Each structure stands twice: as structure tokens, then as C-alpha cells.
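Worksheet: the structure to be examined is printed underneath.
Number of protein chains: 2
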Amino acid sequence: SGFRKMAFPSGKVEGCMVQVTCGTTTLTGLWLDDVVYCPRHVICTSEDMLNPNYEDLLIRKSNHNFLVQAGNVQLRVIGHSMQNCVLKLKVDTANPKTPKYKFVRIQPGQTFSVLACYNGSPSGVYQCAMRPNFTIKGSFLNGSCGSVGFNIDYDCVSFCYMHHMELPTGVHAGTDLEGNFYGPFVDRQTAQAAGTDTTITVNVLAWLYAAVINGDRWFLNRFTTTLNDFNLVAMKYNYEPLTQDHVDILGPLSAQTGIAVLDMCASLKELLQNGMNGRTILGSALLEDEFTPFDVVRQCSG
Amino acid sequence: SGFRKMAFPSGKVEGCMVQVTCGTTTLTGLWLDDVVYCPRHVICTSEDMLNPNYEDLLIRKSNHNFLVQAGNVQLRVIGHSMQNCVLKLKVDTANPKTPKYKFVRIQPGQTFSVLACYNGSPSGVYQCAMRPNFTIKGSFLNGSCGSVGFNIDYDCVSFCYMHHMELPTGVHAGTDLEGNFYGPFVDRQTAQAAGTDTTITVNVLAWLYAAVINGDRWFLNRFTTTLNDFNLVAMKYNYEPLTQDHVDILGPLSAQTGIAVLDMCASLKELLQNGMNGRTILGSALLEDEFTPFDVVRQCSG
């Protein structure tokens, strides 16, 4: 028993992390086969970040301007290529520690593990959700840029995220491994609006199921509700609309606990309307939305 | 910026995790050099756990009764030895992936990373504190027993914890790697009292410093206080007494933020007495005590 926010084991990803240096700039890169992936703003000084013409900036750079190191092992670069907001540095040496891997673009509400690095050196690991407004609430310092988010499906590492920017807000923005930003964000040091940060309703419900599985059943009410009635309450509290697909995804958890989804929705309704009255659920005084149904079942079953 | 509960990278520990089977019982073991460490209750059936005579139970077992596997690689056992509550299974093959390592007994209030396994297979990683009552709030299922807690000091993995028991309470108990339980607990399926679960005051303060470093400064009050006056309030709310050593440990954080320890203590006093009034600190509606000063500085500096 017990329920913790839990990252995937990071070993497979640790052996892929390298230091990418270009001029004065140094950050973290991802070394897979004979290609190193990194934020394209590695070519930028601090002054360039205000209004960068990446194409023009990149043209001053040749292969030899990129120092790629993998812990005292300086790789050699034999070809470079900008793909959207990522640089792809071809190298002579293929990473012998390359895991089975995929590149995937993740959806809002889905979770992933972040291996936070500094200048190519793994520092630690934590679990994140891609929030509805396509930000994450991470922990990244100078050097962390190029730190990656991933999921592990049995043997395959699925890379979904690379960290690029910290907003003036403090929250974090990044790309998939093809270099496309999650959200409207750009790799430019300017004012950038993250939208309203809504809550992932299906996750909150998954978490409430986890709490019941773990013996916290106090919230369970004597009411029920419909989707419409629930969603009218959801919209009020900047919660995501709950759809039928959401209900279906929660079915296994419903089947395990013997609690229908709408019954659990009614519990959530009252919690939202009436608060927690100073009580806690799974050792939290807030409604938590960074656990997917998959995460709950993964941690509960095996 | 940003502040997250963060585990150490687990790669070094992943390559040490093995499956230990004895009769019907299977759990996780730690393979270091030519020795495998595991909970001694691996020799127990469910019936034995009620009132085990470990010495008598172990005598029925010979070397060949222990099946040690490291992912399709069945190790061979050439000597066995019970050390307190751990079994030490000597084997022919030395782990080639043995990291630089130490065994350390950790103190109450100190943190560590748990690599949660099932039957020798790493499942995930999260950060824990050894609580004042020598329990942890983990996540362990059947198979997780023998999962280990560790810290990484640059090159050296320092193993501090092995998971053995879940209490009827739900909270978790275990040993150091020499097999001595943290706390009064025994490896017997019986009713076992964990004491009053007090809060780690120096950690809470470390966390409050982290919050100020990250821009949450709302709690900061116009008062100050003494240690005695503070500790009289601390005792009331089952907080650990704050000592002078605690003050000294917080000095760097005090020096960074320009906020004296006692000034921060007065903030904490009011929070304890007046609550949070529905506000949050670092995205939490509770006072968090599982971040040491080291953890805060590690994550803030680099």
C-alpha cells in the first residue's frame, strides 16, 4: 500500500545525456545513435535571445563550433541541422548505451518523468504533467536546458519533452524531440502568455480512486450526478470538461472499487463547492491532478 | 527556478537489483560484489510470519534453496549468513555493475531516494524522509520488500534503507543494510506501535527558505522570536524542538536570503497558530517537512 508521486527509473536515460557547448553557451543534450539533440538556443548569447534570427545565427556556426562531451569523452561532429527548435548534431561515435527508444508528442493531461540535468550531468528525477495550458511545473536551473521528459514502456524509452525556456511566470516551456513547442511558446526572451491553468479532471478522479483504494473514503458522499450538471460545476472551478472517454478510461478503477464514475464525480463536486474543511486526502490538503488513471493502476497493481 | 521533490538518478542502483526466491517466497535483493542482501523473511511463508523463529527456519534452508536471478541470469549461491534481519547470500559471480558504495545508518529527519522494485525489477523512484518515529511514507506492494533507499555523494552510492514490513497503520518499516531496523519494529506479522509522528522543524524551515528563494514571501511576518518561545509553540503542534545545531545548518540559507533563522521561526509560529487561511506555499496547502537544508541548497545551487 501507500501512494507516491513516482518517476520512472532513469538509468536508461542517464547514459544518453551529454554536454553541448557552442561558444560561451553550455547546456544538456540527448545522445541517441549517431545524433545529439539539443535546444537550438545553444547558439545564442544572452543578447541574441532578445530577438534571435536563428537561421542567420546558425550560419556563422560550423561543425567545429560545437563541443559535445559525454563525461570526459569529447565527441566529434560531422554534420549539423536545425529541425524546428532543436539542433541535430551528427557525430562519428554512436552512443553504445542507446536504449530502445521512440519520439512521441504527448497530450495535455498525460504525465512523464523528467531527468533534470546540468550541463549534461543528471541531477535528479521527478514526475510532471503536461498541463492543459501546455506548461509544466518543474525544477530547472541554468544548465538544465535540454533536460528531457520520458515514459518507459517495458523496454522502450519514449522521449516526449525537452526543456527550453523558463517563463517570467516561473513555469516551464519546451518542445517534443522533433523541436515543436508544446503550446504557443517561442524560444525568444520576451513576454509570453501562458493561458488559464485549468485542472485535469480525469486525473483528480483517478487520484480520488487511489485514495479509496488506500483507505481514505471520507469524501465519499450520498449523492450522485450527471455529466452536464457536473461539467457546469467543473467550468466554474476552471476544471476541464469531463467527457465520455474520460468515464471509459476510469472503468477499471470503477470496476476495482465498485464505485461508479458519476458517484465519484458527485464527491468531487462537493469537495469543489465546500472545500476540504481542513482535512486531507493521501496526505494532501489540495486536489491533485498530476496522476493519470494509468499511473494509479501501474502503482496499485504492479 | 521551480521547486520539486526530487529523487537521485537511479541508474547506479538499478544494476544492483535482483530477484531472490526461497520456496514460494520471492522478493527484491541487492547484489553488490559477490554478496546479495535481502530481507531475512524471504525464508518465511505467510504462516511463519506470525511467530517466526528465524534461526530454526533458516536451518532447514541450504544454499541450493535460494534462487537468485538478475534478469534471466540465475546466480549460484555458495554460502549464506543471517546478519540481524538481513540474509547475506554469497554468490560465485561478482556484480560487474557494482557501483562505488557505502552502507550508512541514516538519522531521523534525513532524506533518501527509494528505488521501488517488484521481485527484483525496478518500478519507480521517489524521495522519502526517515521520520522522527522511524517510519517512512512510501509506496510498496507485494514484491517491493527488499527495495532500497540511497543517497548519491558524487561517485558513491550510500545505501541507508531496505524495506521489510508494512504496518497495520499502512506506514512502512525497514532496516539499514546491516539488518538493524530503524525504530522499535520487528519482522513479525503482529501489532506494532509507531509512536507520535512529529514534524521535522528544521526541514519545514528549509522549505520556507526555498519558498522565499522562489518568490513566495507572503508568510514573512513583522515579528521575531526566541528559541524557547518558539519551542514552547513547537511542542504544542508536535514539532521537533529546534536546537542551535539546526540554526547553524540553516545559516547558508539565511546568508543567501538575508533572513535570520529566528525571523523565519516567527513566520512558522504564526502559520502554526493561525493556519494558512486557504493560501498555498510552493503549490502546497500544508507545511512540508521532507526537504532537508542540503536538499534545498542542492536543488537551488546546482
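For the protein sequence lines, the chains are A and A', in the order given. A prime marks a further copy of an entry chain. Each residue of the first sequence is one higher than the last, beginning at 1 in the authors' numbering. Each residue of the second sequence is one higher than the last, beginning at 1 in the authors' numbering. C-beta: ideal position from N, C-alpha, C; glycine also.
Start and end of the alpha helix (DSSP H) containing residue i?
i         : result
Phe230(A) : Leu227 to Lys236
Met264(A) : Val261 to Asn274
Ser254(A) : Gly251 to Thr257
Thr201(A) : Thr201 to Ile213
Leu58(A)  : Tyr54 to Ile59
Which residue or residues does DSSP assign as beta-bridge partners of residue i?
i          : result
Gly149(A)  : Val114(A) and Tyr161(A)
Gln69(A)   : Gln19(A) and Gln74(A)
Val125(A)  : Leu115(A) and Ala7(A')
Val35(A')  : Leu32(A') and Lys90(A')
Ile136(A') : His172(A')
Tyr101(A)  : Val157(A)
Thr26(A)   : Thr21(A)
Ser81(A')  : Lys88(A')
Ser284(A)  : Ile281(A)
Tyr239(A') : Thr199(A')
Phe181(A)  : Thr175(A)
Assign residue i to one of three DSSP states: helix, strand, or coil.
i          : result
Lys5(A')   : coil
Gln189(A)  : coil
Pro293(A)  : helix
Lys90(A)   : strand
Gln299(A') : helix
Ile106(A') : coil
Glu166(A') : strand
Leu50(A')  : helix
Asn221(A)  : coil
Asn63(A')  : helix
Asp248(A') : helix
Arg131(A') : coil
Flag residue i as yes if its beta-carbon sits less than 9 angstroms from any beta-carbon of chain A', otherwise no.
i         : result
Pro96(A)  : no
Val297(A) : no
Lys236(A) : no
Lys269(A) : no
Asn203(A) : no
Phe150(A) : no
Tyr118(A) : yes
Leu32(A)  : no
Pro122(A) : yes
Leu67(A)  : no
Does any residue of chain A have a CB that is nearer than 9 angstroms to the CB of residue i?
i          : result
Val171(A') : yes
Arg279(A') : no
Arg4(A')   : yes
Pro39(A')  : no
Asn51(A')  : no
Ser147(A') : no
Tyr126(A') : yes
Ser81(A')  : no
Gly183(A') : no
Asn228(A') : no
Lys100(A') : no
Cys160(A') : no
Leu27(A')  : no
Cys300(A') : yes
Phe291(A') : no
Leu286(A') : yes
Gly11(A')  : yes
Which two residues bound the contiguous beta strand (DSSP E) that contains residue i?
i              : result
residue 311(A) : In this structure chain A extends from 1 to 302, so residue 311(A) is not present and cannot be described.
Does the structure place the stretch 155-167 of chain A close enough to the stretch 26-42 of chain A that three or more beta carbon pairs sit under 8 angstroms?
yes
How do the stretch 116-126 of chain A' and the stretch 177-194 of chain A' stand: do at least 3 beta-carbon pairs fall below 8 angstroms, yes or no?
no
Do three or more CB pairs link the stretch 95-115 of chain A' to the stretch 10-27 of chain A' at distances below 8 angstroms?
yes
Any 3 or more C-beta pairs closer than 8 angstroms across the stretch 126-145 of chain A and the stretch 272-280 of chain A:
no
For the stretch 196-210 of chain A and the stretch 258-272 of chain A, state whether three or more C-beta atom pairs, one from each stretch, are separated by less than 8 angstroms.
yes
Looking at C-beta atoms only, is the number of pairs between the stretch 277-291 of chain A and the stretch 245-257 of chain A that lie closer than 8 angstroms three or more?
no
Touch test, the stretch 278-285 of chain A against the stretch 194-203 of chain A, Cβ-Cβ under 8 angstroms, three pairs minimum:
no
Stretch-stretch touch, CB-based, cutoff 8 angstroms, three pairs: the stretch 37-54 of chain A with the stretch 75-91 of chain A:
yes
Check whether the stretch 103-115 of chain A' and the stretch 53-71 of chain A' touch, using three or more Cβ-Cβ pairs below 8 angstroms as the test.
no
Quick check: the stretch 207-225 of chain A' against the stretch 65-85 of chain A', are there 3 or more CB pairs under 8 angstroms?
no
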